[PDB]
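Have a look at the structure below, then the notes.
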Amino acid sequence: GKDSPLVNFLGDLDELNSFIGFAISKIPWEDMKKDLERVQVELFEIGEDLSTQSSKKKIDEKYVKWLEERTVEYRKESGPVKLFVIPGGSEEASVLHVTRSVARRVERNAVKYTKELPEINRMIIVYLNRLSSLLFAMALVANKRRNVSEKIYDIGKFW
Amino acid sequence: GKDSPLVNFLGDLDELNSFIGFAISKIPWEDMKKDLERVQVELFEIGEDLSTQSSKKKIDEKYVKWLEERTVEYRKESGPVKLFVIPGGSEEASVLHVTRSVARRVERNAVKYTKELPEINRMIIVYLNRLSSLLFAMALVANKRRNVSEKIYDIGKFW
Amino acid sequence: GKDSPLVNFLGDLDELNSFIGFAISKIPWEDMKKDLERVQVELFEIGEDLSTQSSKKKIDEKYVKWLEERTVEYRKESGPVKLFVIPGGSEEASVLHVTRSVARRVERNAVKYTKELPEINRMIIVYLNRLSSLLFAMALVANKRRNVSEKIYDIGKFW
């Protein structure tokens, strides 16, 4: 039976994974390609965690850790940015922002699916949350590397 | 708490805003880039309207007006087109059509969110409706500027 | 009245149709462009089937047949591939995978819409299911034609 919470969650993961594959094909920098390729493998691990109630794979803090550390490294390169950043700029940053918004849609759906499947590993939602911040940091670096300035809808805070 | 109607509406606005950022990065014409960049700022204003029950920003008829006037200008350039237009053609028109279909998805979701949040400013749904027609008109002009003919699934009407 | 199951189904078909239009604009091979252009026309026929309770157009086995036969031809060219394929590679295969994941989202939604509209022609869901496999086969051929190797998250089976 389809349309189930599990099938839909796996479907959302695949959609996100496919946009990531598209971002990788449009980004020329090896550091970002390497990081994103690791995320794709881990999205498959997340799917196996979900599909086997954490029996075959179990997402834990180390997965989340790596996302946070890479996020810190990209931000070190881009430097501080005013919030909010209007998504866009270089085609590389633009595709990363699209991918980021899809990751956020999967994150919201995951919270909803957890209501129907309380057994879902909570670390999965944390991973998804950290992933969107990593994608955001990568988009900032993409524009910097492309000599493109960030467009801001200024709310008075910076990151 | 996430998964709420407000958080989901804001998430949909961000996804649309990100596709618009992607369309801008793929379009070489300054008139379209200028118009789309204004829409991105206004999507942030729409988000603030929603988030503050129209206290900090309030979408009104003038926002919608500008969308309609620009729509008329693009259509003046493309001339009449038979309906239905099969989405595609130049990469520029194709990305505009994708963006248009996402705007329509946000518009439908907005109608659904209004059921859970009757306080939402109705002008927001009107803005979203006009935006998809503007994106459609821009896609027609994009193909014309690219010497690409529109593909038609003819229903006997023209616009 | 919007937000209805019919309006949402038609909206999902349009979103899928628009991504297909985008994939066509990014693919240089005439065989794939021809096949995808036929799918776009048929998505409009599916919309008319839905909108007229199969009165004006009626999706039947021959539609599905053509999808399966073309799928077999692309697979003959790509040869066998290990599963699971991590979506991505060439920009052509990447956009095809994104389109494939959207087709799968429309397929899942269709199952849900059928619950609210039991009159929907069941062959429509079958068509959507076959379409995602065709898109998958095309993505394999796209990478082969681009000298790009498939990335695999190996589950021990091949197709």
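Note on naming: chains are A, B, ... as they come in the structure tokens, residues start from 1 per chain, ligands start from 1 in the order shown.
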Residue set, segment 73-148 of chain C restricted to helix (DSSP H, G or I), as an MDAnalysis selection string: chainID C and resid 73:78 91:116 123:145
Chain C residues within 10 Å of chain B, counting only C-alpha atoms: which ones, as a PyMOL selection string? chain C and resi 1-4+7-8+11-26+37+40-45
Those residues you just picked out, can you put them in a file as a short mmCIF file (atom, residue, chain, number, x, y, z; two decimals), in the first residue's frame with N, CA, C and O atoms?
```
data_model
loop_
_atom_site.label_atom_id
_atom_site.label_comp_id
_atom_site.auth_asym_id
_atom_site.auth_seq_id
_atom_site.Cartn_x
_atom_site.Cartn_y
_atom_site.Cartn_z
N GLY C 1 -14.32 26.55 -6.59
CA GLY C 1 -13.56 26.26 -5.34
C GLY C 1 -12.25 25.53 -5.59
O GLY C 1 -12.22 24.49 -6.26
N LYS C 2 -11.16 26.08 -5.05
CA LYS C 2 -9.83 25.50 -5.21
C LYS C 2 -9.50 24.61 -4.01
O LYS C 2 -10.34 24.42 -3.12
N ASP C 3 -8.28 24.08 -4.00
CA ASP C 3 -7.82 23.19 -2.93
C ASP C 3 -8.53 21.84 -3.01
O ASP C 3 -8.28 20.94 -2.21
N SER C 4 -9.43 21.70 -3.98
CA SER C 4 -10.14 20.44 -4.16
C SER C 4 -9.15 19.38 -4.67
O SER C 4 -8.06 19.71 -5.17
N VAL C 7 -8.47 19.91 -8.48
CA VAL C 7 -7.60 21.05 -8.75
C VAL C 7 -6.15 20.76 -8.36
O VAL C 7 -5.22 21.11 -9.09
N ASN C 8 -5.97 20.11 -7.21
CA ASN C 8 -4.62 19.73 -6.77
C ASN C 8 -3.97 18.68 -7.69
O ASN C 8 -2.78 18.76 -7.98
N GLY C 11 -2.95 20.42 -10.67
CA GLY C 11 -1.79 21.25 -10.34
C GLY C 11 -0.51 20.40 -10.31
O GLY C 11 0.55 20.83 -10.81
N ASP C 12 -0.60 19.20 -9.73
CA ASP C 12 0.57 18.31 -9.68
C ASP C 12 1.00 17.89 -11.09
O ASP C 12 2.19 17.81 -11.39
N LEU C 13 0.02 17.63 -11.96
CA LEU C 13 0.33 17.24 -13.33
C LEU C 13 1.07 18.37 -14.04
O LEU C 13 2.01 18.13 -14.78
N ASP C 14 0.63 19.60 -13.80
CA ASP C 14 1.29 20.76 -14.42
C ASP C 14 2.74 20.91 -13.90
O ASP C 14 3.66 21.19 -14.67
N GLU C 15 2.93 20.73 -12.59
CA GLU C 15 4.28 20.84 -12.04
C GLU C 15 5.17 19.77 -12.69
O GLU C 15 6.28 20.05 -13.13
N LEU C 16 4.68 18.54 -12.78
CA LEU C 16 5.46 17.49 -13.44
C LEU C 16 5.73 17.86 -14.91
O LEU C 16 6.85 17.76 -15.40
N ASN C 17 4.69 18.33 -15.60
CA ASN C 17 4.81 18.70 -17.01
C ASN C 17 5.87 19.79 -17.20
O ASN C 17 6.62 19.80 -18.19
N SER C 18 5.94 20.73 -16.25
CA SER C 18 6.90 21.83 -16.34
C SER C 18 8.32 21.31 -16.12
O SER C 18 9.24 21.72 -16.83
N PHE C 19 8.51 20.41 -15.15
CA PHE C 19 9.86 19.83 -14.99
C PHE C 19 10.26 19.05 -16.26
O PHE C 19 11.43 19.05 -16.68
N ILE C 20 9.29 18.37 -16.88
CA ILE C 20 9.62 17.64 -18.10
C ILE C 20 10.06 18.64 -19.19
O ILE C 20 11.02 18.40 -19.91
N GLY C 21 9.36 19.77 -19.28
CA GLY C 21 9.71 20.79 -20.25
C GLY C 21 11.13 21.26 -19.97
O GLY C 21 11.90 21.49 -20.91
N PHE C 22 11.49 21.39 -18.68
CA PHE C 22 12.85 21.83 -18.31
C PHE C 22 13.87 20.74 -18.71
O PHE C 22 14.91 21.04 -19.30
N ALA C 23 13.56 19.48 -18.44
CA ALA C 23 14.49 18.39 -18.83
C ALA C 23 14.72 18.40 -20.35
O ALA C 23 15.86 18.24 -20.83
N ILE C 24 13.64 18.56 -21.12
CA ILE C 24 13.77 18.63 -22.57
C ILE C 24 14.71 19.76 -22.99
O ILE C 24 15.58 19.57 -23.84
N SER C 25 14.56 20.94 -22.38
CA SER C 25 15.43 22.06 -22.75
C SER C 25 16.91 21.81 -22.41
O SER C 25 17.80 22.45 -22.97
N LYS C 26 17.19 20.87 -21.51
CA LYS C 26 18.57 20.60 -21.09
C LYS C 26 19.19 19.35 -21.73
O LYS C 26 20.36 19.05 -21.52
N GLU C 37 8.45 14.89 -25.28
CA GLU C 37 7.42 15.78 -25.83
C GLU C 37 6.09 15.05 -25.94
O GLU C 37 5.05 15.65 -25.72
N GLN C 40 4.43 14.99 -22.52
CA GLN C 40 3.78 16.25 -22.16
C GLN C 40 2.36 16.34 -22.74
O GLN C 40 1.41 16.77 -22.08
N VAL C 41 2.22 15.94 -23.99
CA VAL C 41 0.90 15.97 -24.62
C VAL C 41 -0.02 15.02 -23.84
O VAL C 41 -1.16 15.37 -23.51
N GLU C 42 0.49 13.82 -23.53
CA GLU C 42 -0.32 12.83 -22.81
C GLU C 42 -0.67 13.25 -21.39
O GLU C 42 -1.71 12.84 -20.86
N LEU C 43 0.16 14.10 -20.77
CA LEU C 43 -0.19 14.60 -19.44
C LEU C 43 -1.40 15.52 -19.61
O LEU C 43 -2.27 15.60 -18.73
N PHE C 44 -1.48 16.24 -20.73
CA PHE C 44 -2.66 17.09 -20.95
C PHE C 44 -3.87 16.16 -21.18
O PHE C 44 -4.97 16.45 -20.73
N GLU C 45 -3.66 15.05 -21.88
CA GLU C 45 -4.77 14.13 -22.08
C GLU C 45 -5.23 13.53 -20.75
O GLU C 45 -6.44 13.32 -20.52
#
```
Hand me chain A as it sits after a least-squares fit onto chain B over every Cα, paired in order, written as a PDB file with C-alpha atoms, in the first residue's frame.
```pdb
ATOM      1  CA  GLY A   1       6.236  23.873  17.114  1.00  0.00           C
ATOM      2  CA  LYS A   2       6.738  23.100  13.425  1.00  0.00           C
ATOM      3  CA  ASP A   3       4.409  21.508  10.853  1.00  0.00           C
ATOM      4  CA  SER A   4       1.990  24.296  11.759  1.00  0.00           C
ATOM      5  CA  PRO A   5       0.050  26.024   8.957  1.00  0.00           C
ATOM      6  CA  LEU A   6       2.091  29.203   9.419  1.00  0.00           C
ATOM      7  CA  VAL A   7       5.465  27.424   9.300  1.00  0.00           C
ATOM      8  CA  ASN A   8       4.384  25.446   6.225  1.00  0.00           C
ATOM      9  CA  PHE A   9       3.087  28.582   4.435  1.00  0.00           C
ATOM     10  CA  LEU A  10       6.391  30.368   5.139  1.00  0.00           C
ATOM     11  CA  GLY A  11       8.223  27.239   3.946  1.00  0.00           C
ATOM     12  CA  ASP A  12       6.246  27.228   0.675  1.00  0.00           C
ATOM     13  CA  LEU A  13       7.010  30.929   0.158  1.00  0.00           C
ATOM     14  CA  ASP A  14      10.724  30.215   0.606  1.00  0.00           C
ATOM     15  CA  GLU A  15      10.614  27.324  -1.892  1.00  0.00           C
ATOM     16  CA  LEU A  16       8.898  29.598  -4.429  1.00  0.00           C
ATOM     17  CA  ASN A  17      11.368  32.413  -3.659  1.00  0.00           C
ATOM     18  CA  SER A  18      14.290  30.025  -4.246  1.00  0.00           C
ATOM     19  CA  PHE A  19      12.960  28.875  -7.638  1.00  0.00           C
ATOM     20  CA  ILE A  20      12.549  32.556  -8.559  1.00  0.00           C
ATOM     21  CA  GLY A  21      16.178  33.143  -7.556  1.00  0.00           C
ATOM     22  CA  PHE A  22      17.116  30.213  -9.841  1.00  0.00           C
ATOM     23  CA  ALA A  23      15.051  31.631 -12.757  1.00  0.00           C
ATOM     24  CA  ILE A  24      16.784  35.011 -12.321  1.00  0.00           C
ATOM     25  CA  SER A  25      20.222  33.351 -12.475  1.00  0.00           C
ATOM     26  CA  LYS A  26      19.237  31.675 -15.784  1.00  0.00           C
ATOM     27  CA  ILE A  27      17.633  34.690 -17.506  1.00  0.00           C
ATOM     28  CA  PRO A  28      19.848  37.245 -19.293  1.00  0.00           C
ATOM     29  CA  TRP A  29      17.256  39.981 -19.799  1.00  0.00           C
ATOM     30  CA  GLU A  30      17.436  42.920 -17.444  1.00  0.00           C
ATOM     31  CA  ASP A  31      13.757  43.754 -17.515  1.00  0.00           C
ATOM     32  CA  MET A  32      12.785  40.316 -16.278  1.00  0.00           C
ATOM     33  CA  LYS A  33      15.574  40.178 -13.697  1.00  0.00           C
ATOM     34  CA  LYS A  34      14.389  43.529 -12.288  1.00  0.00           C
ATOM     35  CA  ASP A  35      10.757  42.408 -12.064  1.00  0.00           C
ATOM     36  CA  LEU A  36      11.597  39.054 -10.478  1.00  0.00           C
ATOM     37  CA  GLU A  37      13.960  40.653  -7.953  1.00  0.00           C
ATOM     38  CA  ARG A  38      11.079  42.894  -6.816  1.00  0.00           C
ATOM     39  CA  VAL A  39       8.852  39.835  -6.429  1.00  0.00           C
ATOM     40  CA  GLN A  40      11.450  38.185  -4.129  1.00  0.00           C
ATOM     41  CA  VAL A  41      11.465  41.209  -1.829  1.00  0.00           C
ATOM     42  CA  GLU A  42       7.640  41.195  -1.823  1.00  0.00           C
ATOM     43  CA  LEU A  43       7.551  37.489  -0.950  1.00  0.00           C
ATOM     44  CA  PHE A  44       9.517  38.451   2.182  1.00  0.00           C
ATOM     45  CA  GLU A  45       6.946  41.188   2.820  1.00  0.00           C
ATOM     46  CA  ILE A  46       4.179  38.609   2.405  1.00  0.00           C
ATOM     47  CA  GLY A  47       5.935  36.434   4.961  1.00  0.00           C
ATOM     48  CA  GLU A  48       6.048  39.337   7.426  1.00  0.00           C
ATOM     49  CA  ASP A  49       2.385  40.138   6.783  1.00  0.00           C
ATOM     50  CA  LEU A  50       1.535  36.482   7.602  1.00  0.00           C
ATOM     51  CA  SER A  51       3.863  36.332  10.631  1.00  0.00           C
ATOM     52  CA  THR A  52       2.500  39.539  12.202  1.00  0.00           C
ATOM     53  CA  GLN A  53      -1.187  39.323  11.227  1.00  0.00           C
ATOM     54  CA  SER A  54      -0.652  42.241   8.820  1.00  0.00           C
ATOM     55  CA  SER A  55       0.927  44.456  11.540  1.00  0.00           C
ATOM     56  CA  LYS A  56       4.459  44.956  10.156  1.00  0.00           C
ATOM     57  CA  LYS A  57       3.564  44.709   6.456  1.00  0.00           C
ATOM     58  CA  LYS A  58       0.172  44.623   4.757  1.00  0.00           C
ATOM     59  CA  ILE A  59      -0.231  43.416   1.202  1.00  0.00           C
ATOM     60  CA  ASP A  60      -2.761  45.592  -0.626  1.00  0.00           C
ATOM     61  CA  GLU A  61      -4.117  46.265  -4.128  1.00  0.00           C
ATOM     62  CA  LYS A  62      -1.062  48.245  -5.285  1.00  0.00           C
ATOM     63  CA  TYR A  63       1.123  45.132  -5.021  1.00  0.00           C
ATOM     64  CA  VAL A  64      -1.314  43.187  -7.172  1.00  0.00           C
ATOM     65  CA  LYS A  65      -1.637  46.144  -9.579  1.00  0.00           C
ATOM     66  CA  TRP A  66       2.056  46.221 -10.441  1.00  0.00           C
ATOM     67  CA  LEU A  67       1.951  42.451 -11.247  1.00  0.00           C
ATOM     68  CA  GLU A  68      -0.983  42.974 -13.617  1.00  0.00           C
ATOM     69  CA  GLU A  69       0.602  45.957 -15.386  1.00  0.00           C
ATOM     70  CA  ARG A  70       3.867  44.114 -16.002  1.00  0.00           C
ATOM     71  CA  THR A  71       1.868  41.118 -17.204  1.00  0.00           C
ATOM     72  CA  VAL A  72       0.158  43.382 -19.770  1.00  0.00           C
ATOM     73  CA  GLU A  73       3.547  44.708 -20.977  1.00  0.00           C
ATOM     74  CA  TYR A  74       5.068  41.255 -21.556  1.00  0.00           C
ATOM     75  CA  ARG A  75       1.956  40.098 -23.381  1.00  0.00           C
ATOM     76  CA  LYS A  76       2.167  43.198 -25.599  1.00  0.00           C
ATOM     77  CA  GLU A  77       5.609  41.982 -26.638  1.00  0.00           C
ATOM     78  CA  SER A  78       4.751  38.311 -27.132  1.00  0.00           C
ATOM     79  CA  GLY A  79       1.480  38.977 -28.877  1.00  0.00           C
ATOM     80  CA  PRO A  80      -1.455  36.518 -28.625  1.00  0.00           C
ATOM     81  CA  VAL A  81      -0.865  32.852 -27.860  1.00  0.00           C
ATOM     82  CA  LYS A  82      -3.156  29.837 -28.321  1.00  0.00           C
ATOM     83  CA  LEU A  83      -4.102  27.895 -25.162  1.00  0.00           C
ATOM     84  CA  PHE A  84      -3.046  25.608 -23.695  1.00  0.00           C
ATOM     85  CA  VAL A  85       0.677  26.300 -23.847  1.00  0.00           C
ATOM     86  CA  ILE A  86       2.725  23.123 -23.212  1.00  0.00           C
ATOM     87  CA  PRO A  87       5.365  24.240 -20.695  1.00  0.00           C
ATOM     88  CA  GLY A  88       8.879  24.353 -22.108  1.00  0.00           C
ATOM     89  CA  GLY A  89      10.920  25.601 -25.070  1.00  0.00           C
ATOM     90  CA  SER A  90      14.015  27.679 -24.284  1.00  0.00           C
ATOM     91  CA  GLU A  91      15.752  26.904 -20.988  1.00  0.00           C
ATOM     92  CA  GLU A  92      14.678  30.407 -19.862  1.00  0.00           C
ATOM     93  CA  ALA A  93      10.992  29.811 -20.590  1.00  0.00           C
ATOM     94  CA  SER A  94      11.274  26.298 -19.118  1.00  0.00           C
ATOM     95  CA  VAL A  95      12.618  27.496 -15.777  1.00  0.00           C
ATOM     96  CA  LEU A  96       9.925  30.204 -15.721  1.00  0.00           C
ATOM     97  CA  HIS A  97       7.232  27.556 -16.249  1.00  0.00           C
ATOM     98  CA  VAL A  98       8.651  25.429 -13.441  1.00  0.00           C
ATOM     99  CA  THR A  99       8.612  28.518 -11.211  1.00  0.00           C
ATOM    100  CA  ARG A 100       5.048  29.232 -12.384  1.00  0.00           C
ATOM    101  CA  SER A 101       3.875  25.714 -11.418  1.00  0.00           C
ATOM    102  CA  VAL A 102       5.460  26.083  -7.976  1.00  0.00           C
ATOM    103  CA  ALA A 103       3.708  29.455  -7.524  1.00  0.00           C
ATOM    104  CA  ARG A 104       0.425  27.681  -8.331  1.00  0.00           C
ATOM    105  CA  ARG A 105       1.212  24.984  -5.744  1.00  0.00           C
ATOM    106  CA  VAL A 106       1.826  27.695  -3.106  1.00  0.00           C
ATOM    107  CA  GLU A 107      -1.445  29.390  -4.175  1.00  0.00           C
ATOM    108  CA  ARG A 108      -3.433  26.149  -3.657  1.00  0.00           C
ATOM    109  CA  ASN A 109      -1.744  25.494  -0.302  1.00  0.00           C
ATOM    110  CA  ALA A 110      -2.514  29.091   0.755  1.00  0.00           C
ATOM    111  CA  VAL A 111      -6.228  28.440   0.223  1.00  0.00           C
ATOM    112  CA  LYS A 112      -5.874  25.370   2.446  1.00  0.00           C
ATOM    113  CA  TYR A 113      -3.884  27.245   5.112  1.00  0.00           C
ATOM    114  CA  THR A 114      -6.529  29.956   5.239  1.00  0.00           C
ATOM    115  CA  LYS A 115      -8.916  27.321   6.576  1.00  0.00           C
ATOM    116  CA  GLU A 116      -6.654  26.782   9.567  1.00  0.00           C
ATOM    117  CA  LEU A 117      -5.716  30.465   9.855  1.00  0.00           C
ATOM    118  CA  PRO A 118      -8.746  32.595   8.821  1.00  0.00           C
ATOM    119  CA  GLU A 119      -6.787  35.730   9.769  1.00  0.00           C
ATOM    120  CA  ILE A 120      -4.531  35.488   6.719  1.00  0.00           C
ATOM    121  CA  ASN A 121      -4.727  38.573   4.494  1.00  0.00           C
ATOM    122  CA  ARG A 122      -6.807  37.562   1.432  1.00  0.00           C
ATOM    123  CA  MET A 123      -4.729  39.869  -0.784  1.00  0.00           C
ATOM    124  CA  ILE A 124      -1.869  37.389  -0.395  1.00  0.00           C
ATOM    125  CA  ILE A 125      -3.742  34.713  -2.326  1.00  0.00           C
ATOM    126  CA  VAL A 126      -4.608  37.306  -4.976  1.00  0.00           C
ATOM    127  CA  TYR A 127      -0.939  38.294  -5.248  1.00  0.00           C
ATOM    128  CA  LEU A 128       0.076  34.634  -5.713  1.00  0.00           C
ATOM    129  CA  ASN A 129      -2.613  34.151  -8.397  1.00  0.00           C
ATOM    130  CA  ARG A 130      -1.401  37.207 -10.363  1.00  0.00           C
ATOM    131  CA  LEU A 131       2.202  36.119  -9.995  1.00  0.00           C
ATOM    132  CA  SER A 132       1.681  32.869 -11.843  1.00  0.00           C
ATOM    133  CA  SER A 133       0.114  34.764 -14.782  1.00  0.00           C
ATOM    134  CA  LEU A 134       3.080  37.167 -14.823  1.00  0.00           C
ATOM    135  CA  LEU A 135       5.513  34.209 -14.884  1.00  0.00           C
ATOM    136  CA  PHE A 136       3.484  32.692 -17.768  1.00  0.00           C
ATOM    137  CA  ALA A 137       3.670  35.944 -19.755  1.00  0.00           C
ATOM    138  CA  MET A 138       7.386  36.143 -19.130  1.00  0.00           C
ATOM    139  CA  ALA A 139       7.874  32.582 -20.395  1.00  0.00           C
ATOM    140  CA  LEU A 140       6.099  33.527 -23.664  1.00  0.00           C
ATOM    141  CA  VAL A 141       8.431  36.491 -24.134  1.00  0.00           C
ATOM    142  CA  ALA A 142      11.471  34.353 -23.224  1.00  0.00           C
ATOM    143  CA  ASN A 143      10.700  31.927 -26.069  1.00  0.00           C
ATOM    144  CA  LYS A 144      10.052  34.759 -28.526  1.00  0.00           C
ATOM    145  CA  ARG A 145      13.390  36.349 -27.626  1.00  0.00           C
ATOM    146  CA  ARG A 146      14.997  32.934 -28.128  1.00  0.00           C
ATOM    147  CA  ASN A 147      13.334  32.226 -31.517  1.00  0.00           C
ATOM    148  CA  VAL A 148      11.522  29.262 -30.037  1.00  0.00           C
ATOM    149  CA  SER A 149       7.894  28.481 -31.018  1.00  0.00           C
ATOM    150  CA  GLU A 150       5.302  27.649 -28.383  1.00  0.00           C
ATOM    151  CA  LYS A 151       4.043  24.054 -28.309  1.00  0.00           C
ATOM    152  CA  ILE A 152       0.229  23.981 -28.004  1.00  0.00           C
ATOM    153  CA  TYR A 153      -2.324  21.446 -26.690  1.00  0.00           C
ATOM    154  CA  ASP A 154      -5.146  23.296 -28.411  1.00  0.00           C
ATOM    155  CA  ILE A 155      -8.380  23.886 -26.503  1.00  0.00           C
ATOM    156  CA  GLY A 156      -9.751  26.484 -28.915  1.00  0.00           C
ATOM    157  CA  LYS A 157      -9.068  29.676 -26.965  1.00  0.00           C
ATOM    158  CA  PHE A 158      -6.230  32.208 -27.125  1.00  0.00           C
ATOM    159  CA  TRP A 159      -4.853  34.795 -24.723  1.00  0.00           C
TER     160      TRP A 159
END
```
Just list as a list in words whatever in chain C DSSP marks as strand (DSSP E).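 Answer for chain C, restricted to strand (DSSP E): residues 82, 83, 84, 85, 86, 151, 152, 153, 154, 155, 156, 157 and 158 of chain C.
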